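Student: Take this structure first; my questions come after.
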Amino acid sequence: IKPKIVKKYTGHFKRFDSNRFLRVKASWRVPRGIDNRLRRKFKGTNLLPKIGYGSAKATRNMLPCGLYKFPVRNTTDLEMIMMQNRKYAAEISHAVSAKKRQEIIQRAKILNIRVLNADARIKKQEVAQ
Amino acid sequence: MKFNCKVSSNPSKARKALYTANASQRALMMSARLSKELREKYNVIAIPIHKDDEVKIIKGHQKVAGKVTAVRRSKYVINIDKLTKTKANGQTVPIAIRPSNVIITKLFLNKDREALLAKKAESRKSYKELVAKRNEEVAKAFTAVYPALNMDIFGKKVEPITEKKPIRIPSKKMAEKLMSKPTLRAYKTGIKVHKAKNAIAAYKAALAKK
Amino acid sequence: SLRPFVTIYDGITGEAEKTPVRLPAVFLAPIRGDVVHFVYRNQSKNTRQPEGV
Amino acid sequence: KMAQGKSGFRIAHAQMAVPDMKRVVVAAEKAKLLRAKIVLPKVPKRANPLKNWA
Amino acid sequence: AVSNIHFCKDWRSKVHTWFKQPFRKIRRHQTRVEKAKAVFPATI
Amino acid sequence: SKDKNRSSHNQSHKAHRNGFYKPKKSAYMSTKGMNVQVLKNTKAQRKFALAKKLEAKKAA
Amino acid sequence: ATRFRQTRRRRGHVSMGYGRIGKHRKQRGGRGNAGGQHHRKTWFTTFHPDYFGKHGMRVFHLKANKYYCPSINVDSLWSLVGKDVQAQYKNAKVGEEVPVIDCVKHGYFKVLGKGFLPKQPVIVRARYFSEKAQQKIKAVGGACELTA
Amino acid sequence: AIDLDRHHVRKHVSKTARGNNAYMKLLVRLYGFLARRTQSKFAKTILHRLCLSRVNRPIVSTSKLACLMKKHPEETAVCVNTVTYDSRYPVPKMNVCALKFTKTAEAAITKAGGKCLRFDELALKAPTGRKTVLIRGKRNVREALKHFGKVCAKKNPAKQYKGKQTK
Amino acid sequence: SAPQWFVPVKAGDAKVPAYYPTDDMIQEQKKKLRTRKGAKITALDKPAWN
RNA sequence: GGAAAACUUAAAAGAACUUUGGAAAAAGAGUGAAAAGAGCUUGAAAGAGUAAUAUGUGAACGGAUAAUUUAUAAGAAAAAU
RNA sequence: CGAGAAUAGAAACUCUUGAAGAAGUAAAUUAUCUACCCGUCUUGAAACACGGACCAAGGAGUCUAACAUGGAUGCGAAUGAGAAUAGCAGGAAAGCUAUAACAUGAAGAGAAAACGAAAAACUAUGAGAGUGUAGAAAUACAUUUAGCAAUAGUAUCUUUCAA
RNA sequence: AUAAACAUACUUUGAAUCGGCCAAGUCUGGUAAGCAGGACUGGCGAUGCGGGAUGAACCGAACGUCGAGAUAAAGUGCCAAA
RNA sequence: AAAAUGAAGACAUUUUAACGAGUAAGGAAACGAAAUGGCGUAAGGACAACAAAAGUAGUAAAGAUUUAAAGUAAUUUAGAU
Numbered sequence: 006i007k008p009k010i011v012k013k014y015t016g017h018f019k020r021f022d023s024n025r026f027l028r029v030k031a032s033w034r035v036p037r038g039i040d041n042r043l044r045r046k047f048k049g050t051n052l053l054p055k056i057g058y059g060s061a062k063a064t065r066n067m068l069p070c071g072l073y074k075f076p077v078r079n080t081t082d083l084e085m086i087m088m089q090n091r092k093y094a095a096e097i098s099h100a101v102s103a104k105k106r107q108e109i110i111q112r113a114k115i116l117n118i119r120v121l122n123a124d125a126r127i128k129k130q131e132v133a134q
Numbered sequence: 001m002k003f004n005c006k007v008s009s010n011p012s013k014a015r016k017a018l019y020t021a022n023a024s025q026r027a028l029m030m031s032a033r034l035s036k037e038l039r040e041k042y043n044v045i046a047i048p049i050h051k052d053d054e055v056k057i058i059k060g061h062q063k064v065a066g067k068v069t070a071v072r073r074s075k076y077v078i079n080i081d082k083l084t085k086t087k088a089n090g091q092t093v094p095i096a097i098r099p100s101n102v103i104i105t106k107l108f109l110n111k112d113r114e115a116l117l118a119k120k121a122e123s124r125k126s127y128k129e130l131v132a133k134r135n136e137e138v139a140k141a142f143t144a145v146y147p148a149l150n151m152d153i154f155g156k157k158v159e160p161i162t163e164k165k166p167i168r169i170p171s172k173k174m175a176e177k178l179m180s181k182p183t184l185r186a187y188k189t190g191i192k193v194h195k196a197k198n199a200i201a202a203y204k205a206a207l208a209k210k
Numbered sequence: 002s003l004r005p006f007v008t009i010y011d012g013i014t015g016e017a018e019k020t021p022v023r024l025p026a027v028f029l030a031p032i033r034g035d036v037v038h039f040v041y042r043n044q045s046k047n048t049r050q051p052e053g054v
Numbered sequence: 271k272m273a274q275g276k277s278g279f280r281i282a283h284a285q286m287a288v289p290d291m292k293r294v295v296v297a298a299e300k301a302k303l304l305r306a307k308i309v310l311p312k313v314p315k316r317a318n319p320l321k322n323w324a
Numbered sequence: 006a007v008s009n010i011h012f013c014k015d016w017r018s019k020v021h022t023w024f025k026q027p028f029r030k031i032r033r034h035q036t037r038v039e040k041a042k043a044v045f046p047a048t049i
Numbered sequence: 002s003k004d005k006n007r008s009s010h011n012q013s014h015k016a017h018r019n020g021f022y023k024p025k026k027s028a029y030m031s032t033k034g035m036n037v038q039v040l041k042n043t044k045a046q047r048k049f050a051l052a053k054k055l056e057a058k059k060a061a
Numbered sequence: 002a003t004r005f006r007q008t009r010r011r012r013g014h015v016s017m018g019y020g021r022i023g024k025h026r027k028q029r030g031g032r033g034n035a036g037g038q039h040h041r042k043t044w045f046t047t048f049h050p051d052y053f054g055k056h057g058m059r060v061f062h063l064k065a066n067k068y069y070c071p072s073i074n075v076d077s078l079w080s081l082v083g084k085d086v087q088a089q090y091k092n093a094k095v096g097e098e099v100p101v102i103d104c105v106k107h108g109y110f111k112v113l114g115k116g117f118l119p120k121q122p123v124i125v126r127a128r129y130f131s132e133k134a135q136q137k138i139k140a141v142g143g144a145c146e147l148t149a
Numbered sequence: 002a003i004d005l006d007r008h009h010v011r012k013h014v015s016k017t018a019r020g021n022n023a024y025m026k027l028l029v030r031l032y033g034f035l036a037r038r039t040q041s042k043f044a045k046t047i048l049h050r051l052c053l054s055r056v057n058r059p060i061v062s063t064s065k066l067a068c069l070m071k072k073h074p075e076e077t078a079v080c081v082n083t084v085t086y087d088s089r090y091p092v093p094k095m096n097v098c099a100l101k102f103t104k105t106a107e108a109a110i111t112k113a114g115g116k117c118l119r120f121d122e123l124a125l126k127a128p129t130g131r132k133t134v135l136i137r138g139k140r141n142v143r144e145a146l147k148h149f150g151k152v153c154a155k156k157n158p159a160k161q162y163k164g165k166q167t168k
Numbered sequence: 002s003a004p005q006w007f008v009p010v011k012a013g014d015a016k017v018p019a020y021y022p023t024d025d026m027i028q029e030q031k032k033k034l035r036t037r038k039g040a041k042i043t044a045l046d047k048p049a050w051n
C-alpha cells in the first residue's frame, strides 16, 4: 500500500538574473527592488515560491519508495525504527566507515528494515571478482 | 589537575619552550628505557641516551639492534649504524630515530654513569620507603574504623548493592511535564524502544522453554 | 507532611544503616524550569575574562 | 519554617497543592457534574436535490 | 523625559574598571594575616 | 521651487477609517458650571439623604 | 542577545527599516535638547509645560538633612511592635503596663493621623505629632510622648 | 474578489497560561476541561482570568478580603492573583483561594482560623462554584497610569516624567 | 508471543543481540502478496452481474 | 611615510644512470605509503587548452507545453469448489 | 393508482502494456506561446538619468550610560544590599554567607515659613451562584441572591491665594 | 426599513509619511498649453491580469497552487481563438 | 474563528466555514491547543551504543567537483571521484 505523491511544481525556483551573472548564485532570494520585473509579477516572469505550492501533508517528505528517512550511525540506531519498518528506512550517514556499514546492513536485514545506501562504500568487487 | 602557578598549561608555550631549549636541557629530554637485564642490575628505569650505547628498536618498520653512532640534540633524534639508506647514487646515509622508540641493551659507562646510576638508585629506594610509610598509615586509619576488614578488599572484585528500596515523592507525577519537548520525545522513545527489546526477549524465552 | 524515610547505606560493607532519615523539605520545592533558566543564563557568564582589540 | 543558613529565604509553594489533574476529574464524575464525551458528527456533503433523488 | 547625560566630554579615558577588585581582597587579607603574625595585637 | 499649497484630497477617506468617535454618555452628564442655586439645592438634599442613611447604618 | 534584535530580521531589506524617502541621516532636529523654543517647542509645550523659566527662591547651600523627617500614620503604629504584642496587651487600661511604641528607634520622627487605631490604650513616643494624630491616640485611650 | 470591512486577524484574547510555568499550565488544562464539560460560567471566568498577564492580575490584600467577606461568613473568596497582607488592620477568619499567598498573609489567615486553599483544592470542593465570592484587585492604582497622556491638557493632565531639571 | 511487527528471519551465523532469538527456533515464512480473492464461478446458464 | 611574503615528507630517501638536445630540459629508470618533484598539504571561481556531444539568416539568456535522444528507475508471487 | 407503515428483494468484474525498462523525473535539441537592465532618487526609467568589464575574500544598526513601555520571573509594604567591604571551604577573577549605610516605595501639597488625609463612605450599571417550568438534544423563560473590575457622579478629609 | 458577536469600545507603545501625479456631463488665472492652482469622488504611486496594436492612470476585473465549465470589457476575411 | 479531544500520538491534534494582491512599515525569544513558522555561519555549557568501553573517524575526517533525492523556499540529505 502506497499513496499517490503529487508534486505541484517539479522544477527549481532559481534566483532572478542568476542565469546572466556568475556572482548571482541560483539559491532563491526574493527580489526587493523597487523596479524589479519579477516581484511585480510581469507576464513571462511571475514564478516565485508561495505556500500554495506545498505538497499534501499526508505525502510530504516521503521518498519515492513510499517510506521516510531515518539516518543511522551504528547498529543501535536501527533499534529505534524496528517497530516502524513499514514507515521508515535506514540511511547510513556519509562518514560511517565501510567496516561499520556491513554491521548495519547485516543487522538491518535481520530486523527487516530497508537500507537506502545498500551499495555504498562497497569494496572493489566490481572487476576480477 | 595542576596547582602550581609558576608552570603553564598552554600548548603554544609548551612547544616554544621545547624548540628554544638550550643544549643543557635537551639532553634530559633524550632519555630511553633500560632493558630488563639492565633494569634488574641497576634498579634504574631510564637514563639519558649516550654515544656507543647499544639499543634495540621497538617501534617502526625495522626492529633491528645496533650501536648509537650519533646523538643529535638539535633534531631531537639519534642514529644507529645498522639503520641506513642508500642515497640513490649509491652512498648510504643514516636514518634518524626518536630516542623514545628504542630501549638500551648495553651501556657505555666511563666514570659519570656510575655516579648517575648510583644516584638514580637511591632515589628509587627513598621514594619506596616514603610510599610504604604513607600506605601503612592509610591502612592504620581504615582498620581503626572497620576492624573486621582488611585493606586488601579494595584490590578485589566489588559486589554491588542489590536492595532497591523506592521512595514516594509527589513529583514523579509531574516528571513528564517538567521536560522540554526535545527531551521528552527522546525519553519516551527510549521507553518504547526498551519495551520492544523486552518483548522480543520474552517471546524468545518462550520458544527456548518450548 | 509525612516526608518519607530515606535509607543510608554504608559505602564499604554495603549494609544499610538501621536508622532511616526523613526526606528534607527541600526535595518538595516546586520544580521550575523557567526560573532556573533565568538564573543559569546569568551565572554562566560570570567566569568570563575581559577581552578587547 | 524560614531558612537558618539563608536569611530571608523560605521554600515556596507550587501554584497547585497536588500537581495532578486526575483526582479532580474523578470527583466531578462521582458528583455527576460532567457531560458525556462528544464525537463530532460526520458532516454530510452537499448534494443536488434537483438531480439527486435520494 | 528630558535626558541629562554628561557624555559630551571624553568619557572613554574617564572609565575606571574594577577588574582588580577580586585581587584586592586577597591582597588586603594577606596583609591582615601577616600583621597578626608579626606582632599579633598590632592588628587588634 | 514652488510647491502645491494645500489639498483636501484623501482627507475624508482618512477620517472614516477609524470613523467619527462619538463621545460617551458620561460626556453629556457633566454639571460643571450649572446654576449656583440649583447646585446648592442638590447638595443640600444629598447631604440630608446621606446623613440619614449613615445614621441608620449605625443603628443596626 | 544580539540574535533576537531586529537587525537579524531585516537582513535583505535595503533600508534596514528606516524608509526610502526619508533616509536615516545623522540628525533628526539637533543634538540633545536643541530647539527647545523654536522647532521642538510643540514638544516641550506638550510634555513639559514648565520646563523653561524660574520659580521659587534660591537656597545657596541647602541643608537636606534638616528636612529629613520620616513620618508614620496612626494605623501603621502597631506594626512597629507586631500583632502578637498587640493581642497580649489588648485588654489593658489606665493603671497597668502598656507597651511604648517609640518611633525614633525605628527611624520615624513624626506621627500623622490617617486611618484607624485598634481600640486599645498605647503610649506613642515620637519627636513631632500632628493635630489629628494626637486626637486619635487620645480618643482610643492613650498618651503622646515627646523626644529629643 | 469580495468586498469585506476587514480581514481576519488573530483575536486578541489569550487562551492559555502565559510563560513556561508547568503548574500554571496544568491549572489551565484543569479548568479548560471543567469549562468545556461542566459548561459553567464560573469555570469559564476562572479559565479566562488565569490567562491574563501579570500586570492584568493585580493583588488583593487581606483588608479587602475582610471587607468584601464581611456579609459572607460561610463563603470562600476566589481571587486569581497574589494575596498580600495589610499590616495596618486585623485579619478575620476566612477561607481564601488564590494563586499565591505572601508569607505574612498566609500566617495571618492561618492564625485567625482561616484556610489558604489553592486552585486545585477549590476545584475539588466547589468545581462549578457554589460558596465562592469572585474578587479581583484594582487596576487603576498603578503608578504608570499617572503619566499616560499629554500633560499640557486642559482637563486631565498627565504627570510629567521627571528628568533634567524637573522643578 | 511475537509482536505483530516482529517477523523473525534467519541470521547467517552473524552477530545478533542477546534478545534476538537464535536460528534453531526461527521458521521462515513465505512472503504473501496476494490479498484480494479471485472471481467466483457460477452456473454456465446464468448471466453475469456485469 | 611605510608594505608584501606561513605549510613537500615520518624521514631528503631532494631523482642522478642511459638516449635526444648547443643548453635548459624531455623520455625512460629510480626513491617514497603516496610525487607530495622543490612555483612542492588541499587546490574553488574568473580566463584558457584538449576530448566527447549538440545547435545556427542582424543579439544572447529564461518560463509553460509536448516530441526525440540519453540516464535513472517499479516484480516473484500465483484462481474457483 | 396509491404516499406512511409493516412484511420479503438482489453488486462483486473484464482486457492490454512493463527489468527486452512501465508511470514519473532530469539534461540537451527542436516546435507553438511567452519574456526590455539590474540597484537607486523620482509623480513617473527598459530609458538618450547615475553606479556596474569579470571572479574570489573582507564589507555597514555595534558597545557603554540614563529613562519609559511591554512580555516571562522572584519577593511583596516592602524590594535590592554581587555599596564598598569582611569571612568560608579549595588551591577558585567562579560559588556560598554576612540584621547593613543607602537607593526606589509606603503621603501629599506649598516659592517658603508653617503643615500633613474617613461620614470604618454614598449612587448608577455591571462579573458569579442557586431554584422552578418547558421545549425537549442542546437550550430558552420566570424568581431569589451577590454585588468584584471599570466608568461616571457624589458627601467628607490634607495642602495651596487658587483643586 | 436594512445591516452588524472574529460585533462593539478601546488602552498602551511605536514605525513610515506629509516633493505627489491622473481622470472628469467641475471651477478660477491665462490666447492657449502634456501650463498654474482649487471643491467631491475614484485611481496611479503601492498593481500584476484580459482588451484598447504599443501606453502609470482608460474599459473589464484586482492575484495562494491547479482541473473543468459557463462569462466581463471587447471581438468573429488572414496575421488571430471566434 | 468556533466546536471536539488531549500526557505525548504527530504532520504544530480532529472537524466545519470564511479567507490568500501589495511599496514604505510592523509582526524579538518562550507561551498544548502555543501572542507568525523556519534555514544557515562560528564559539561556550550539556546530551548522543544505557548490561562495565556508550556519536562518526587510516575498512578514510574536514574541504573540493559532480549525480540523484527531500523541502513552497531559505537549505538539507546520500552516491561517485
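Chains as they are written, first to last, in the authors' numbering: chain A, 6 to 134; chain B, 1 to 210; chain C, 2 to 54; chain D, 271 to 324; chain E, 6 to 49; chain F, 2 to 61; chain G, 2 to 149; chain H, 2 to 168; chain I, 2 to 51. Note that beta-carbon positions come from the ideal geometry of N, C-alpha and C, so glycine has one too.
H:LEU5 to A:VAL35, Cα distance in whole Å?
Tutor: Within the eighth sequence, residue 5 of chain H is the residue found at index 4, counting from 1. Within the first sequence, residue 35 of chain A is the residue found at index 30, counting from 1. Those two C-alpha atoms are separated by around 29 Å.
Student: Is the beta carbon of residue 178 of chain H less than 8 Å from the beta carbon of H:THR105?
Tutor: Because chain H is modelled from 2 through 168, residue 178 of chain H falls outside the range shown and cannot be assessed.
Student: In chain order, what residues of the same chain lie with their CB nearer than 6 Å to the CB of H:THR39, ignoring the 5 residues before and after it?
Tutor: Stepping through the eighth sequence from its first residue, residue 39 of chain H is reached at position 38. Excluding positions up to five away in sequence, the list reads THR129.
Student: Answer with buried or exposed for H:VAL61, where buried requires no fewer than 16 other C-beta atoms within 10 angstroms of its C-beta.
Tutor: As a first step, residue 61 of chain H must be located in the eighth sequence, where it is residue number 60. Buried: at least 16 other Cβ atoms inside 10 Å.
Student: Could you tell me the boundaries of the alpha helix (DSSP H) in which A:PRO36 lies?
Tutor: For this step, residue 36 of chain A is matched to residue 31 along the first sequence. It is not in any alpha helix (DSSP H) - A:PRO36 carries neither H nor E in the DSSP assignment.
Student: With a cut-off of 8 Å, does the C-beta of C:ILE32 fall near any C-beta of chain B?
Tutor: Within the third sequence, numbered from 1, the residue matching residue 32 of chain C stands at position 31. Judged by the 8 Å Cβ criterion, C:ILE32 is in contact with chain B.
Student: Since A:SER60 contacts A:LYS13 with CB under 8 Å, what's their CB separation in whole angstroms?
Tutor: Here residue 60 of chain A refers to the residue found at position 55 of the first sequence. Here residue 13 of chain A refers to the residue found at position 8 of the first sequence. The pair is a contact, with the Cβ atoms about 7 Å apart (cut-off 8 Å).
Student: Taking 8 Å as the cut-off, does the region 93-108 of chain B touch the region 56-68 of chain B (at least 3 CB pairs, one atom from each stretch)?
Tutor: yes
Student: Please report how far the alpha carbon of B:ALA139 lies from the alpha carbon of B:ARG113, in whole angstroms.
Tutor: Here residue 139 of chain B is taken as the residue at index 139 of the second sequence, counted from 1. Here residue 113 of chain B is taken as the residue at index 113 of the second sequence, counted from 1. Going from the Cα of B:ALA139 to the Cα of B:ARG113 covers about 39 Å.
Student: DSSP state of A:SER98, grouped into three classes?
Tutor: In the first sequence, counting from the first residue as 1, residue 98 of chain A sits at position 93. When DSSP states are grouped into helix, strand and coil, A:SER98 belongs to the coil group.
Student: For B:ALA70, which of B:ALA206, B:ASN135, B:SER171, B:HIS50 has the nearest alpha-carbon?
Tutor: By 1-based counting over the second sequence, the position of residue 70 of chain B is 70. Out of B:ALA206, B:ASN135, B:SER171, B:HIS50, B:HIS50 has the C-alpha closest to the C-alpha of B:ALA70.
Student: With a cut-off of 8 Å, does the C-beta of B:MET179 fall near any C-beta of chain D?
Tutor: Taking the second sequence and counting its residues from 1, one reaches residue 179 of chain B at position 179. It does not: the Cβ of B:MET179 has no partner Cβ on chain D nearer than 8 Å.
Student: Could you tell me which chain D residues have their CB closer than 9 Å to the CB of C:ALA17, listed as they occur along the chain?
Tutor: Numbered from its first residue, the third sequence carries residue 17 of chain C at position 16. In chain order: nothing, as chain D lies at least about 28 Å away.
Student: Is C:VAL7 closer than 8 Å to C:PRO21 when the C-beta atoms are compared?
Tutor: Translated into positions along the third sequence, residue 21 of chain C becomes position 20. Translated into positions along the third sequence, residue 7 of chain C becomes position 6. Yes.
Student: May I ask you to list, following chain order, the residues of the region 95-122 of chain A that have a beta carbon less than 9 Å from some beta carbon of chain I?
Tutor: Hits within the stretch, in order: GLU108, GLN111, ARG112, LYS114, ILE115, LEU116, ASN117.
Student: In terms of residue numbering, what span does the beta strand (DSSP E) encompassing B:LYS85 cover?
Tutor: As a position in the second sequence, residue 85 of chain B is number 85, starting the count at 1. Segment 77-86, the beta strand (DSSP E) holding B:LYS85.
Student: For the region 25-53 of chain C, which residues have a CB atom closer than 8 Å to at least one CB atom of chain D, in sequence order?
Tutor: Look at the region 25-53 of chain C: the residues with a C-beta under 8 Å from a C-beta of chain D are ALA26, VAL27, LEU29, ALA30, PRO31.
Student: Determine the extent of the beta strand (DSSP E) in which G:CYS145 is found, giving its start and end residues.
Tutor: If you number the seventh sequence from 1, residue 145 of chain G lands on position 144. Where G:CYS145 is concerned, the enclosing beta strand (DSSP E) stretches over 144-146.
Student: If you draw a straight line from the C-alpha of A:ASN51 to the C-alpha of A:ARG42, how long is it?
Tutor: What you label residue 51 of chain A is simply residue 46 of the first sequence in a count that begins at 1. What you label residue 42 of chain A is simply residue 37 of the first sequence in a count that begins at 1. When rounded, the distance between both Cα atoms is 8 Å.
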